[PDB]
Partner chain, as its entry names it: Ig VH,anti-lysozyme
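One chain is shown next in structure tokens, namely the form solved without its partner chain.
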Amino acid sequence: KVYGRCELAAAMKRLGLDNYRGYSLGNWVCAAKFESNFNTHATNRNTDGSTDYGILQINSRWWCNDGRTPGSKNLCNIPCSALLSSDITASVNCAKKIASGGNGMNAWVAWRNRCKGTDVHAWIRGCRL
């Protein structure tokens, strides 16, 4: 599924992301945009045998098991296929665990590069939340 900007913002709000570990909702929307262009089917290989899955490009080395990544730690306790669903619940619950790491949202390089430090409130402007 390819989400609309405000459709995604609303779904994320209902799942508890606004102000999670000090990050306002627009951070998460902006991250999703630059990670996947809002496409739940997005995948990208990593040069290490792991793969990034879904709207938030969550990797199979640490976070989910895809059955083809040697030594996956599967910290989110989920098959990576669950991150490709039209329902973003699994992706959001996993994303909260990633953002609980020392470096927070810096785990997403696209967020660091394109979102961090900007007025991310813009990403939820015009949405009825």
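Positions refer to the first chain, counted from 1.
Below, we refer to the form deposited with its partner chain bound, which is not included among the displayed structures.
Problem set entry | Position in contact with its partner chain when the complex is considered in the entry with it bound, options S100, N37, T43, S81, heavy atoms within 4.5 Å | In short, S100.
For this session: May I ask you to state whether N77 is within 4.5 Å of its partner chain in the entry with it bound, using heavy atom distances?
Result: Yes, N77 sits close enough to its partner chain in the entry with it bound that at least one of its heavy atoms falls within 4.5 Å.
Exercise. Contact between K73 and its partner chain in the entry with it bound at 4.5 Å, heavy atoms?
Worked result: Flag for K73 set to yes.
For this session: Classify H121 as contacting or not contacting its partner chain in the entry with it bound by the rule of any non-hydrogen atom within 4.5 angstroms, answering yes or no.
Result: Contact with its partner chain, no.
Exercise. Just to confirm, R21 within 4.5 Å of its partner chain in the entry with it bound by heavy atoms?
Worked result: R21: contacts its partner chain in the entry with it bound.
Problem set entry | Residues within stretch 40-65 having a non-hydrogen atom within 4.5 Å of its partner chain in the entry with it bound | Contacts from 40-65: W62, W63.
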